[PDB]
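Coordinates in review
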Amino acid sequence: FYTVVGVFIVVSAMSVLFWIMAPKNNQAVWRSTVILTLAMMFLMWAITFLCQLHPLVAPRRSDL
Amino acid sequence: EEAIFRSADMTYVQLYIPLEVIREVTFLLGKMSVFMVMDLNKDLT
Amino acid sequence: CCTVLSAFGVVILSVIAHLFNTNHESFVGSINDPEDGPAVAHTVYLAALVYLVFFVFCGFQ
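**Regarding the environment of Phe55(C)**
Mapped onto the secondary structure, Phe55(C) falls in helix α2 (residues 37–58). Separated by 52 residues in sequence, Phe55(C) and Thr3(C) have C-alpha atoms that sit 5.1 Å apart.

Structure follows, in structure tokens:
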């Protein structure tokens, strides 16, 4: 689970570093598109990583 | 400013157009595209 | 519109023929899958060439 927190640190620090270094021309759509898309990419990565970190169902097939 | 997070700041100004320069001011405001008129005489038919 | 379908017929069937040639387990790895890899790759690569003929002929239209 700590390799989810370790990715949350480098995503959150990147989003904070982009909040202060956004271009001044279109600030409320530079720091709103890029910071929210990193959040949603990290959310789907964390959900697709934690479902396989400690699984309850093993993959079972016959034809191999 | 930009107005993509909230709306822009509106003012409700009041003009006074004389009858000598009336068509010219109206055709100027039609080309400037900044003044949203409001129907003052709603009670008239 | 045949040139778009023909360009995808080049790309997708070339990747499928390469994945049959290298015995990739998403195409050969099951019992219901075909047994010989390059035997299927030889008849998918010729279809890739056929769609390349369609792409070149409809590319001059």
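Having seen it, we continue.
**Considering helix α1 (residues 2–21) of chain C**
Here α1(C) is 20 residues long and its end C-alpha atoms lie 27 Å apart, about the 28 Å a rise of 1.5 Å per residue gives. Against the buried residues of α1(C) lie α2 of chain C.

**Some words on the pattern of salt bridges**
Residue and element names in this part refer to chain A. In total, this model carries one salt bridge over all chains according to the counting rule given. Between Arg 61 and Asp 63 there is a salt bridge, and its shortest N-O distance comes to 3.7 Å. The exposure class of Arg 61 is exposed, given its relative accessible area of 51%.

**What to know about the UniProt feature "transmembrane region" in chain A**
All names here are of chain A. Here the UniProt-annotated "transmembrane region" positions come out as residues 1–21 and 33–53. Annotated as 86% helix and 0% strand, the span residues 1–21 places its first and last C-alpha atoms 30 Å apart. Secondary structure across residues 33–53 divides into 86% helix and 0% strand, with the first and last C-alpha atoms of the span separated by 30 Å.

What counts as what
- Residues numbered from 1 in each chain as written, not as in the entry; some residues may be left out.
- Chains lettered and ligands numbered in written order.
- Part of a larger assembly, values for the part shown.
- Heavy atoms only, no water.
- Residues with missing side-chain atoms left out of burial classes, pairs and counts.
- Helix = DSSP H or I, 4+ residues; strand = E, 2+ residues; numbered from the N terminus.
- Expected span 1.5 Å × (residues − 1).
- Contact = heavy atoms within 4.5 Å.
- Salt bridge = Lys/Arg side-chain N within 4 Å of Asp/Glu carboxyl O.
- Buried < 20%, exposed > 50% of the residue type's maximum accessible area, 1.4 Å probe, protein only.
- UniProt positions renumbered as here; feature names shortened; annotations may be inferred.

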